[PDB]
Amino acid sequence: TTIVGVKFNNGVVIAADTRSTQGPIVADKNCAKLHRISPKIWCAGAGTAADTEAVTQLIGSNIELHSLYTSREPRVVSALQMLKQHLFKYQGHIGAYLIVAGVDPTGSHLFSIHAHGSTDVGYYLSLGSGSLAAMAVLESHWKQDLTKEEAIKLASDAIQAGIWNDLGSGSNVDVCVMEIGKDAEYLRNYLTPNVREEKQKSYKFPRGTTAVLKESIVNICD
Amino acid sequence: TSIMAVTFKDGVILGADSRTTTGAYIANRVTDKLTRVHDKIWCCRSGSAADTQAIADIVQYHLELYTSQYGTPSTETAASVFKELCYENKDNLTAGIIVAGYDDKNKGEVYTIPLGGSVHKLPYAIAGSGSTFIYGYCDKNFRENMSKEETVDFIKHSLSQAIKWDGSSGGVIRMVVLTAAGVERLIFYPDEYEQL
Amino acid sequence: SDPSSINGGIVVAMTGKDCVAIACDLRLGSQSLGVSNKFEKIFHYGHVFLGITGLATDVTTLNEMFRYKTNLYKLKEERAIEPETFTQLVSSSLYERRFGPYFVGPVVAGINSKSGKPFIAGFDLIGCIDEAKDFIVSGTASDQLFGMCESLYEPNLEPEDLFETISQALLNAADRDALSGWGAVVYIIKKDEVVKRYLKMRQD
Amino acid sequence: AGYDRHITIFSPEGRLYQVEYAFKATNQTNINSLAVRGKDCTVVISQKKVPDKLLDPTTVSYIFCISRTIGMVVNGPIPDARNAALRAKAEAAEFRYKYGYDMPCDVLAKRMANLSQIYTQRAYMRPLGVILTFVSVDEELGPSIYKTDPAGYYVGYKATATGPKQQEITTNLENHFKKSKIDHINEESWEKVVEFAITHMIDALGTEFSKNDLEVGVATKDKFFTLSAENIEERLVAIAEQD
Amino acid sequence: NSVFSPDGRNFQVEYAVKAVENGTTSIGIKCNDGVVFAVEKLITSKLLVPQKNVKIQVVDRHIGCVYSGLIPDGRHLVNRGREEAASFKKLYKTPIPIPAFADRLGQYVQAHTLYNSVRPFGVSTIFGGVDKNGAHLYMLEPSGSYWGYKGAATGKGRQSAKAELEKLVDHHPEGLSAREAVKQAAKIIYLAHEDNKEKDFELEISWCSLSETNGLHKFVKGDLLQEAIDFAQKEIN
Amino acid sequence: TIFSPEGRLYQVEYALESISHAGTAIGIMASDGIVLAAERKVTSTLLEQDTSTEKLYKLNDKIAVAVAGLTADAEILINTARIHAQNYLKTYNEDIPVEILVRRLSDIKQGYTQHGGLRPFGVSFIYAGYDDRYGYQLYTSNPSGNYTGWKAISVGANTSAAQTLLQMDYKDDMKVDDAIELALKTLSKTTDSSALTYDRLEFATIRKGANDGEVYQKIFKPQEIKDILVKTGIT
Amino acid sequence: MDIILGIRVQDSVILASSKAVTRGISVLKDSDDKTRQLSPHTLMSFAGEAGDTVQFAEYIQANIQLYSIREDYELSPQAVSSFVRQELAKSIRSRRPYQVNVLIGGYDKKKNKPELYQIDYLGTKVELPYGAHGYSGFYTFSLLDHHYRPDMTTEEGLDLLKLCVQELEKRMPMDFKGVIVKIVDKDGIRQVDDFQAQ
Amino acid sequence: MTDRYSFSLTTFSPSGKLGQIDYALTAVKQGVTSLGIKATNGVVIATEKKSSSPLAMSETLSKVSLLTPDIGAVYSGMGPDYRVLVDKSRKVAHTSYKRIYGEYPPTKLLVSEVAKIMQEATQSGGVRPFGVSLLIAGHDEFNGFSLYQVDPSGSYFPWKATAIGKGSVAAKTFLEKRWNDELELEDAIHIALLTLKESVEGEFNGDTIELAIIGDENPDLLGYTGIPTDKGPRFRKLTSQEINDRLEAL
Amino acid sequence: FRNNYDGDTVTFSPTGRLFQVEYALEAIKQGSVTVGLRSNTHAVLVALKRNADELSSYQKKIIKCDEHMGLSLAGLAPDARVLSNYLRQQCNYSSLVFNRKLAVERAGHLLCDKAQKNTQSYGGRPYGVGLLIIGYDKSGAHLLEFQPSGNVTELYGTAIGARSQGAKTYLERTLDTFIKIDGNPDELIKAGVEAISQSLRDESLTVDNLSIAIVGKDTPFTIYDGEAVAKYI
Ligand SMILES: [Mg+2]
Ligand SMILES: [Mg+2]
Ligand SMILES: [Mg+2]
Ligand SMILES: [Mg+2]
Ligand SMILES: [Mg+2]
Ligand SMILES: [Mg+2]
Ligand SMILES: [Mg+2]
C-alpha cells in the first residue's frame, strides 16, 4: 500500500494506490483505499484491511451522531481523538494505520495515526509498504505553500513512486481534494497507468467441452 | 529522543529534539515533544509515543477539571497526577516523563518520573535515549540561578551533543520558556547548533 | 494444523452478460482422509447465493446463522435481501468475531432484483470485502483459481459460455490441489432462473 | 396527597406537578439576574444579597466558571446550584478530552437540559429547583446565552432575565431591542456592555446598587471571568456621570 | 425527601433542621491566622467520665469539625469527609483546601435530599482550618447549603451565640488573635448555656492556627483550657 | 401480580377487560386451510390501507397471528416469537411445531403474571399454523398466559356474540372457501358500524399452496378483500 | 486408539464399537459399551478423550429424553443430529472443549428410512452410507467403497461389518477386544450379542 | 442512589384504561399543532414555532429534525421529551441498522424502533410515558414515500395526511376535504400552509412557521462529489425566505 | 404527628424525630436489667437473666468479644448477636493486621457508625438492643453504654433495661466509693451485685436469676454463671 497526505495553501489532499494483497497474491486490482469519515474528513489506511475499514466506519457513525447532536460540522480533531482513543484501548491489536485529512470550520488538517494510538501532525506524510518510495518523492519536491494543482501533482507522483518501486503497491492512483471553501472532491482512478494488455488469444471454449453428470432447475420463490 | 528541563533565575525551560524513529527509519523529523498540560505546566515525553500521549491527554483532562473546581494546580499536583497514572499502570506502560512548571509562589520547578513511576524533584533533568551521552557534560556545566540566555545556551549545547551521538535524536531543537512574563516557544536549526 | 486446511474446498464466482455463476468442489476431508463426496459449499437466501470455504464446522454454522438472519430480515422488511446488503451483513457478522474469527472464506453471488445488475464479492475471515466485478475465488486452491481465472476470463460472456469458463477454471485448479475436487457443482444464475449442474471430474 | 403530586407521573390534565413545584423553588432566594450580548462579549449580572453579617461576602456567589470559556449563573437554592455546577464542569472537561475541542455553550446547555428531562421522567430522582443561564463567546456562533429549566427546556436568547422580578427586566429589554432593531448591544467595550446591563437593571428594578449588591461575570473570546468589588465600583462610578 | 411542596419547599429538610435546633450548641470563630471551635457538652449524670466523650473531630491533619443535632449523623459525615480528603491527597498530593473540602461535604449532604429512599442529615456542621491561602470557617445545613463565615453558631444557643459573635465582628474589624478567639469561644459557650441550665455542662475547645499550631488542628487542654474557663467564669458574673 | 380474596389476579382481569374493547378477530380452521379475519378499529379516510398491518402478522412461513389488544405490546411479543422460531430452525433444522411456539409465547405472559411487578401485556392472540405432526391448527392465548386449541374462535369485542354464531354454522367437513364466508358473515353480523367494508378488514389464509404439496400464507391486499366481499354478497 | 464404525443398509443402521478401555500399559476392561440410546429409534456411539466421552453422551441422552416427554413425541434422527452438532460447535470455542466424536444411527418413521450421521468434536456433520472415527476409517472406507451396496439387507450388512472387523484385527496395532454390534430399524434398537465367534 | 420504583407506573384500571397513557395523550392535545401530508413525489411535515419570549431566538430551537438523510420528524406535546427521543432515534438508526447493513433503515423500521423506545416507557419500572406524538416522514428505495404517526403508547399508523395537537380535529377535517392521490409536492406544501393558517393565532410567516420536506436528492447538500451512486439527502428544511415566497401566492 | 411519620427510618417527624429509632429504644426498656461499673483497675458487668418459664433456661445476657473486652445486652437478643459478632471481627482484625488490642473507645465508635447506617437506609430497621461494653486496654478500665440510635457514652457506671432507673440512682450516689475499689475484684462485684438490687420489683436474686462478668489489669474477660456466683448472693 502507498498512501500520502499533502497540505496546500487552502486545503489538504490525500491519495492512495489501488492494490490489495493476500501475501504475494493480488486479490483486488482496483480496490478503494480512500474512505469517508464525514463529507469533508477523509481517510486512508494500511495494515489489516478489515481493521482500517471498521475503525473508519465506527468513528464515522459516531461523528455523524456527534454532528447531529451538536448542530456543527464535524472537526478533524474529533475524528483523531476518537480514533486514537479507540486504537489505544486495543493495545495495537486493531492493526489500523491511517492518514486522516480534512477541512472543518477551524481550517485544514493533516494527521497520522498508528495502531497503538499515537498521532502526529505534518504538512506531508506517507504510510504503507510503499511509504519509503513516496516519502523520497515528498522530501524531494514539497515546498511551503503549494497551489492546489501542485499538491495533486506531488501526491499523485508520490503514489507512483510506490506503484513502481514497492511490490506491495500497484494499479491506480485515487485522490481526494479537500479545499477550505468547497465540497470535497473524490477523484476514483484519477490515474490509470497499469492497463492490462490485450491477450494473445481468446480462451472461450466450444460449448459441450465440459462433462456434465446431471442437472436440475433451482427454485428461488415460495 | 533527548529531552531536558532546567530551572533558572526567572523560571524554567524545557527542550527537546524532534526525531521519532521506528527502527532506523525517521518516521517524523519535526515532532513536537513539548507538551502542554496547563498554561504554565508542560512536559517532555519519552518511551512509547502511544502511552505518553494517552497519559498527557488524561493529565490535561484532570488539570482542567482541577482548575474549574479548585484554581491553578501547582507543578507538584501535576507531577503527582502523572506519577499516579505511571505507577498504577507500570505493568502496561513504557513512559518516562519530565514535568516542568512555573507559578508565582513556588517559581520554576522540575520533576522527573522515570520508568518505575517514582517521582524526583530536581534542579534540572535529562532523559531519552540521547541523554546518556550528556550526563558528564550537564553535570559539569549546570549552575543554579542562571539567566534566561545562559539557560537557553546550556540546553542548546547539551542537546546538540545528545543529537551528535544518538541516532535516535535529531532534527530541530525546540524549547519552551516558562516565567511570570509568559510562555515562549524557541526553535533552533541544525545549521546553527551543529557549528557549536 | 492450520484451521483453513483441515477440511479442504474451493469456491469461485464469475460475472457475465446479465448473469452470474458460482461453483464449488464437493470434497470434505480430514487431512489426508477423504470423508464425504457430497459436501456442498454453496447456499441460497432467496435469490442471493453464498459459497463458503474453510473449516467445515464454520461453513455449516455460518449457513445456519445467515438463514436465521435473512429469515428475520424478510419478516421485518417484507422483501428478500439483495446481494449488496447481504454482502454488508456478512462483513459485519464476521468482524463481530474479530478476535475469535470463523475460519472461512465466503463468496457472494447474485443479481440485484431491482437494477438487474450482476454482483459478486469475497471476504477474508474477519469480514474485509473484496469488491471485484469479474471473479472471486476462495479455498485451499485459490492460487490455482486466480491463475485459471486471470487467463480464462473475458467480460460479458453469455450464460452457456460462462458455464464452460467457470467449470474449466474450477476443474483444473482442483486437480492441482490435493485437498480439493471429488465432484463439483456449478450454478448459473440468470433475474429469472437458476440452473444447477454436477460436473464429471477425476475422483482422486 | 395524590401520587401525581409526589412523583413525576402525569396528572389527569397531563401536567407534572413536581416539575411545576421545582420552578417555584427557583425563586426562593429572591435574586434577579440578567444577561446581554455585546458585539464580542456576553455579560451576566446577578444581585448579591448578604443579609447575615456573620457571613464572608466573598463566598456568597451564584455565578460559576464552568470552563475557561463558559460561565453559568443560577437562579435557585445554592445546594442544587452547586450540584449543577459540579456536573457541568465534569461534562465540560469530559467533552474536551473525548472530542478534542472546547465544549460549546449551547451544547453544554442541551446536555444539562437532557439530564433535567430525565428527572422529569424517572420516578426516583427529584428535579433540581434551579434555572441555569450559560454564557460564552462561542468560537463558531459568537456571543451566546442559553438557559435551561427544571422542565428540561432550553433556548438561545438575545438577552434574558431570571428571578422573582424577571418580568420587569424582560419588558424593559424588550423595549430596548424594539428601538435598536438589532439583537445585541452596538458596543466594543466589555466595560460599556457591563454598564448598560447594570443601568437597565437599575431602571427595571427601580433600585440603586453599591459595589457589594452586585456580582458580574463577563465572557470574551477564549476567557470567562468574574469582576471584583473594585472592578464593579469602577463601573458604578462610570454610569453615575450622565444618568 | 425528593418531594417538593406546592410552593417549592422541602418539608423533610425543614424537619431535619428541627433536629438541629434541638441539639447542643456549638460554634466556630475565624481569627487572623486560624480558626477556633467550641461546643457545649451536657453533663447528663455525674457518671459520665469527664473530658472523655470528645465531640470535636479532626479530618486529615489540618481540619476541625464540630456539629449540632444527631451525633451519629455527624460522625457519618466526618467518616465521609475523611475518605474524601484521603482521595484528594492521594491524587493531587497536597492536603485538601478548605473550600474544596467544603464542597465535598456539600455535594454529599445535598445528595441525601434527592431521593425518596433516603433521609436528609440531621446535623449542621461547623468546620474549617488553614490552607495554602489562609484560614476558613464554614457552616453546613441539612439542605447541603454552606457559606464561609466570620463566626458561626448552631444548636439551641444559636441566637445568643450569634448576637455575641456579631459584637466581636464590630469591635475587631482589623481581623482577633488566635489566643483571644479561644477565650472568647469559652465565653460565648457560657453566655449560650443559659437556656439549657437545668443540667450541668462541660466545655470543649479546639483550634487550628498558622502561628499557634503550625496550621495543624489541635485540642485546647491543660493551662490554656483552664485560663479560658476562668475568663468565661469571671465574665459571666 | 397479587391475588384477590377471590383468588383472581386484578391486573390480568383488567387486561382482559381492555381486550374486549379491541376490534374483533376471528379464526376458523377447515380441513384444507385456515382463515384469519379481523376488524380494524374505527378508522378514517386518510389512513393508509396499502401499507398497513395492525391485526395480522407473519411469525414464520407456516404460522401467523391475529392480534386483539395494544399493538405495541403485540409487536414486543411477535418479535420474540419470530426469534424463537429461528432458534428452533437453527437447532434442529426443522420448522418449529405450532404448539411449541404458542407455549413459549404463553409462558412469557404467565411470567409477567407471577413475578417482577411489571404490568401484563394487554394482548390476546389467535395463532394460525401448519406443521407435519398436526396439520392445520388454531390456538388462542390471552394475558394470563393460558392457551387453548380450537376449530373456530374469536377475540376482542363481541366474542360471546361471535362465538354463538360460529357454533351454529361450523361443520367439520368445511372447505377453506366456506370458512372464508363464515368468517366474513360473522364479522358482518357482530361490526358496530353500518357495513363491513374492505377498508375496515384484514384477511389472511393458510392454504395447501394452490397446486403443489406445500403450504402458502396469503395476506390479502385491500383489493382482494373488496373482491371477496363481492362473492360472499355483502358488496 | 477406539473403534467406532457405522454402516447404513436398506432398512437399518448398524453400529459397531470396540470393547476395550485402556489406560497406560493396562487394559482395564474388555466389555465397554460405547453407546447411549437417545430415543427408541436413535442410537449414538462415541470415542475421544477419557472423561468427556460418557459425560457428553449422557448429557445428550438427558436432553433428548427431556424433549420426548415434553412433546410426547420422538425427534427425527436429522433433528437429533443437528442438535448434537450444535452442542459440539458451541463446545469447540468454550473454555474446555468436549473432545468427542460421534456416530448417530437412527430409523426415521416419517420417511421409513435408516440414516447415519458422522460428527467429529469440531461439529463437522455429514450424512453417510457408512462412516468411522479415528484410525479405523483409514482401513474401512476403502473396503466399503469396494464391497458396499445401497440395497443390502441387514444380514448382508453384518457380513460386510464382519469383513471390516477382520481387517482391523489384522492390521491395527492395538488390541481393541472385539466390538459390540447394535442394529437400529423400525422395530428400535437391538444388540447382536453373538459376534466374538459368530 | 439506586431506584425505589421497580414496578410499572402505568397499570391497568378496572375499566381497562391505561391511565398514564391517556394522560400523556392529553398533554399531546395541549401541544401546538403539527401535520404531515404525503404527495406523489414527496412528504411535507409542518408545525408552528410557538416562541416563549420575544427575547428568545426561535431559530436556535428546531421542532423539525433530520433523523436520517431520508427521514425527518415533527411532534406535538412536551418538547424536552421530543429532543431526547430524537437523540435516541438517530442513534438506534446506527446501532440497529447502519452498522449492520451498511445503509440507513427504511422509514417503517426506524418508526418501529422509536415505537419500541416509547412502548418501554409504558411497561418498565419507575418511569412515565413520553408526553409526545411524533409524525415521521421519509423515503426509501423499496417503499417509496411514507408518513407515520407514533403515540405515547408506542402505536404507529401510516397516514396519507394527518394532524396532531391542538386543532387536530378541525385540521384532520380540512385535510380529508383537500387530499387526493395525484397531489404533487408543491400542492401538498400549499395545502399544509392553508391548514396551518387555521390552527395560527398570531403572525403567520417564514419565521413563525417551521416546514420540512422529504423530496428528491439534493446532490449539493451531500458535501462531496465523485461517488455517482451517492446523490444526497432527501430531507430538506425550507428556509424562512422559501416559506414567505409561497405565502404571497397563498 | 406520630401519624404518617413512623412508617420507616427514612422519615423525619415534623418535630425532627425518628420514630422507628424511638420505638427501637422502647425494646431496650422491655429487656431485663443489667448493670456495668468500673474502677481504675477493673470493670464489671452484672446482669439479671430472664427465663421464659420455670421449665426453661435463664437466657444469656453477657457475650465475650475479645480477651480484653465483652458486653452485656438488653433488648432484642439476636440483634446483640449481630453486633457482638461484628465487634469480635473488628477486635480480631486489629490483632491480626496491627498486632494491636482494639481500644474500648474505638469499639464504641465502630458500633456507633454501624448502628447509624440502619437509622438512614430504606427497608431496614434500626437495631433494637442496648449494650454495656467493658474492657481493659492501654489506658485502663473502661465502661461504655450503647444505644441503637448510635449514641455511645463513656461512664464510670450505668444500667439499662426494665426498672434500671433504681440502679442508676444508686451508682450516682455510690460513685466516689466504687471508683476506688483498687485491686479488689470481689468488692467491686459486690458493689455491682448491690447496685442491681435497687432494680428489683421481682424477687432475692438467685443462683440462676445472676450473671457476672469481669475484666481488668491482670484478668482476661471472664463470665461467671451458676455455682460460681453463689458467693455473691
Ligand atoms: Mg508496485
Ligand atoms: Mg542524531
Ligand atoms: Mg487460499
Ligand atoms: Mg484435487
Ligand atoms: Mg423524577
Ligand atoms: Mg423519589
Ligand atoms: Mg445556626
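Residues numbered from 1 in each chain as written, not as in the entry; some residues may be left out. Chains lettered and ligands numbered in written order. Part of a larger assembly, values for the part shown. Heavy atoms only, no water.

Per the deposited record, determination of this structure is attributed to X-ray crystallography, with the resolution reported as 2.600 Å.

Engineer: How do you make sense of the overall build of chain I when you look at a structure like this?
Structural biologist: Regarding its fold elements, chain I presents 5 helices and 10 strands. Relative to its length of 233 residues, chain I is compact, with a C-alpha radius of gyration of 18 Å against a globular reference of 17 Å. Once the C-alpha set of chain I is aligned to its principal axes, its extents read approximately 55 × 45 × 35 Å. Roughly 10,900 Å² of accessible area belongs to chain I as shown, and the carbon and sulfur atoms make up 48% of that amount. Averaging the locations of the 26 positively and 26 negatively charged side chains of chain I gives two centres separated by 4 Å. (Helix = DSSP H or I, 4+ residues; strand = E, 2+ residues; numbered from the N terminus. Rg over C-alpha atoms; globule rule 2.2 N^0.38 Å. Areas by Shrake-Rupley, 256 points an atom, 1.4 Å probe, with all protein chains shown as cover. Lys, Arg positive; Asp, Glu negative; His and termini not counted. Charge placed at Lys NZ, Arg CZ, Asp CG, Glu CD.)

Engineer: Which parts of the structure should I look at to understand the interface of chain E and chain H?
Structural biologist: Note on interface size: it is often stated as the accessible area lost on association of the parts. The interface is formed by 4 residues belonging to chain E together with 4 residues belonging to chain H. In this assembly, chain E packs against chain H so that about 400 Å² is buried in total across both faces, 61% of it on carbon and sulfur atoms. When the buried area of chain E at its contact with chain H is split by residue, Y115(E), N116(E) and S117(E) rank highest and sum to 74% of it. Where chain E touches chain H, the interface holds 0 residue pairs in polar contact. Broken down by class, the residue content of the side of chain E that touches chain H amounts to 1 nonpolar, 3 polar and no charged. (Contact = heavy atoms within 4.5 Å. Buried area = accessible area lost by both parts, 1.4 Å probe. Polar contact = N/O pair within 3.5 Å; in protein donor to acceptor, adjacent residues only side chain to side chain. Nonpolar A, V, L, I, M, F, W, Y, C, P; charged D, E, K, R; others polar.)

Engineer: Mind showing me how you'd approach the sheet that holds strand β1 (residues 25-29) of chain F here?
Structural biologist: By definition, the strands of a sheet pair up through backbone hydrogen bonds, in either a parallel or an antiparallel sense. Residues and elements named next belong to chain F. Read from one edge of the open sheet, 5 strands run β8-β1-β2-β9-β10, paired in antiparallel fashion. At either margin of the open sheet sits one strand with a lone partner, and together these are β8 (152-155) and β10 (216-219). The mean inter-strand angle of the sheet, taken between neighbouring strand axes irrespective of direction, is 10°. Bridge analysis of strand β2 (residues 33-39) against strand β9 (residues 201-207) gives 7 bridges, and the strand direction is antiparallel. Each residue of the ladder has a partner; that of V35, found in β9, is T205. Of the strands in this sheet, β1, β2 and β9 are in contact with helix α5 (residues 176-190), which crosses β2 at around 20°. (Pairing = 2+ DSSP bridges. Axes fitted to C-alpha atoms, helices over the stretch in contact; angles between N-to-C directions.)

Engineer: Whenever I open this one, unusual backbone geometry confuses me. Can you help?
Structural biologist: Most peptide bonds are trans, and most residues other than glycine sit at a negative phi. Phi at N93(F) takes a positive value of approximately 55°, unusual for a residue other than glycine. Along the polypeptide, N93(F) turns up in the loop between α2 (71-92) and α3 (98-114). Note on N93(F): relative accessible area 26%, which makes it partly exposed. At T2(H), a position not held by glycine, the phi torsion is positive, near 65°. Along the polypeptide, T2(H) turns up in the segment before α1 (19-30). For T2(H), a relative accessible area of 57% translates into the label exposed. (Buried < 20%, exposed > 50% of the residue type's maximum accessible area, 1.4 Å probe, protein only.)

Engineer: Got a minute to help me understand the nonpolar core in this structure?
Structural biologist: Across soluble globular proteins, nonpolar side chains have a tendency to be buried as a group. Core analysis: the largest hydrophobic core is formed by 102 residues, its most contacted members being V100(A), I66(D), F134(D), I27(E), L165(E) and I205(E). Residues contacting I27(E), with those up to four places away along its chain left out, are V36(E), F37(E), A38(E), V66(E), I126(E), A152(E), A153(E), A161(E), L165(E), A185(E), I188(E) and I189(E). In this structure, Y148(G), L158(G), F176(G) and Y101(H) belong to the second largest nonpolar core, which totals 57 residues. (Core = buried A, V, L, I, M, F, W, Y, C linked by side-chain atoms within 4.5 Å.)

Engineer: Sorry, what's going on with the packing of aromatic side chains here?
Structural biologist: Each aromatic ring pair is specified by the distance between its two centres and by the angle formed by the two planes. For the structure shown, the criterion picks out 53 aromatic pairs over all chains. For the ring pair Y45(C) and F86(C), a centre distance of 5.3 Å and an interplane angle of 45° mean the geometry is tilted. Note that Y45(C) is positioned in strand β5 (residues 42-45) and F86(C) in helix α2 (residues 83-95), a separation of 41 residues in sequence. Classification of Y45(C) as buried rests on a relative accessible area of 6%. Each member of the aromatic cluster is reached from another via a ring pair, and the members are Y66(B), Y70(B), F88(E) and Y92(E). Directly above the aromatic system of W147(E) lies the positively charged group of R82(D), at a separation of 4.9 Å from the ring centroid. Sitting above the plane of the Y157(D) ring, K147(D) keeps its charged end 4.9 Å from the centroid. (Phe/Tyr/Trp six-rings, centres within 6.5 Å; stacked < 30°, edge-to-face > 60°. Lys NZ or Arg CZ within 6 Å of the ring centre and 35° of its normal.)

Engineer: Quick question: what am I supposed to make of the environment of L55(C) here?
Structural biologist: Among the secondary structure elements, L55(C) is positioned in the loop between β6 (48-54) and α1 (56-77). Sequence spacing of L55(C) and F103(C) is 48 residues, and the spatial spacing of their C-alpha atoms is 5.6 Å. Once you skip the residues sitting within four places of it in the chain, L55(C) turns out to touch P3(C), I6(C), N7(C), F103(C), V104(C) and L122(G).

Engineer: Got a minute to help me understand the arrangement of the chains in this structure?
Structural biologist: The pair of protein chains exhibiting the most contacts, out of 17 pairs of chains in contact, is chains D and H. For the non-touching pair chain E and chain G, the nearest C-alpha separation works out to 39 Å. Nowhere do chain A and chain I come into contact; their C-alpha atoms are at least 38 Å apart.

Engineer: Explanation requested: the sheet that holds strand β6 (residues 144-150) of chain H in the structure shown.
Structural biologist: Residues and elements named next belong to chain H. Read across the sheet, 5 strands follow the order β3-β4-β5-β6-β7 without closing on themselves; strand pairing throughout is antiparallel. Edge positions in the sheet fall to β3 (65-68) and β7 (156-158), since each of these pairs with one other strand and no more. With strand direction ignored, the average angle separating the axes of adjacent strands in the sheet is 25°. As judged from the 7 bridges shared by strand β4 (residues 71-77) and strand β5 (residues 132-140), these two strands associate in the antiparallel manner. Across the sheet, residue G77 finds its bridge partner in β5, namely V132.

Engineer: Explain the packing of helix α2 (residues 71-92) of chain E against helix α3 (residues 98-111) of chain E here, please?
Structural biologist: The axes of two packed helices give the description: the angle between them and the distance between them. Residue and element names in this part refer to chain E. Orientation of α2 relative to α3, taken along the N-to-C sense of each, is 130°, at an axis distance of 10 Å. As far as their axial angle goes, α3 and α2 are oblique. Considering only the axes of α2 and α3, their crossing is right-handed. Along the contact surface, α2 presents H76, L77, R80, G81, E84, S87 and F88, while α3 presents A100, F101, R104, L105, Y108 and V109. Residues of the contact of α2 with α3, tallied by class, amount to 7 nonpolar, 3 polar and 3 charged. (Parallel < 35°, antiparallel > 145°, perpendicular 65-115°, else oblique. Left-handed = near helix turned anticlockwise from the far one by under 90°.)

Engineer: How should I be thinking about a nonpolar patch on the surface in this particular structure?
Structural biologist: All names here are of chain I. Together, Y93, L96, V97 and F98 give the surface a local cluster of nonpolar side chains, amounting to about 490 Å² of exposed area. Within the secondary structure layout, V97 lies in helix α2 (residues 77-98). Taking relative accessible area as the criterion, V97 reaches 47% and is therefore assigned partly exposed. (Patch = residues over 30% accessible without salt bridge, like charges linked within 9 Å, V, L, I, M, F, W, Y side chains within 5 Å. Salt bridge = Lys/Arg side-chain N within 4 Å of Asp/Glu carboxyl O.)

Engineer: I tried to follow the packing of helix α3 (residues 105-121) of chain D against helix α2 (residues 79-101) of chain H on my own but got confused; where do I start?
Structural biologist: Where α3(D) contacts α2(H), the two axes come as close as 10 Å, and the packing angle between them is 110°. Classified by the angle between their axes, α3(D) and α2(H) sit roughly perpendicular to one another. Contacts from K110(D), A113(D), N114(D), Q117(D) and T120(D) in α3(D) reach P80(H), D81(H), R83(H), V84(H) and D87(H) in α2(H). Grouping the amino acids of the contact of α3(D) with α2(H) by side-chain chemistry returns 3 nonpolar, 3 polar and 4 charged.

Engineer: What exactly am I supposed to notice about the pattern of salt bridges here?
Structural biologist: For side chains of opposite charge, pairing can occur when their charged atoms come near one another. Tallied over the full model, the rule gives 104 salt bridges over all chains. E64(C) is paired through a salt bridge with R85(G); the nearest N and O atoms lie 3.1 Å apart. Placement of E64(C) in helix α1 and of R85(G) in helix α2 (residues 77-91) is noted, with the two residues assigned to different chains. Judged by relative accessible area, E64(C) falls into the buried class, the value being 7%. The exposure class assigned to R85(G) is buried, which follows from its relative accessible area of 2%. The closest approach of N and O atoms between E78(C) and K108(H), which form a salt bridge, is 2.9 Å. Taken together, the positions of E78(C) in the loop between α1 and α2 and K108(H) in helix α3 (residues 107-120) put the pair across two chains. The exposure class assigned to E78(C) is exposed, which follows from its relative accessible area of 56%.

Engineer: How should helix α2 (residues 78-99) of chain D be read in this particular structure?
Structural biologist: When the terminal C-alpha atoms of α2(D) are compared, their 31 Å separation across 22 residues agrees well with the 32 Å that a helix rising 1.5 Å per residue should span. Taken from the residues just after α2(D), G100(D) is the one with a positive phi, measuring 75°. (Expected span 1.5 Å × (residues − 1).)

Engineer: Is there a simple way to explain the interface of chain H and chain D in this structure?
Structural biologist: Listed per partner, the contact involves 33 residues of chain H and 33 residues of chain D. Taken over both partners, the interface formed by chain H and chain D buries close to 2,800 Å², and the fraction arising from carbon and sulfur atoms is 62%. In terms of surface lost to chain D, no three residues of chain H exceed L55(H), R83(H) and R128(H), which account for 27% of the buried area on that side. At the surface where chain H touches chain D, the tally comes to 1 salt bridge. Ionic pairing is found between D87(H) and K110(D), a salt bridge with its closest N-O pair at 3.1 Å.

Engineer: Just checking my understanding: could you explain the environment of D207(H) for this structure?
Structural biologist: Residue and element names in this part refer to chain H. The residue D207 is located in the loop between α5 (185-198) and β9 (209-214) in this model. A sequence separation of 30 residues divides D207 from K237, and the C-alpha atoms of the two residues are 13 Å apart. Aside from chain neighbours lying at most four places away, what touches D207 is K49, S58 and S240. There is a polar contact of 2.7 Å between the side chain of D207 and the side chain of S240.

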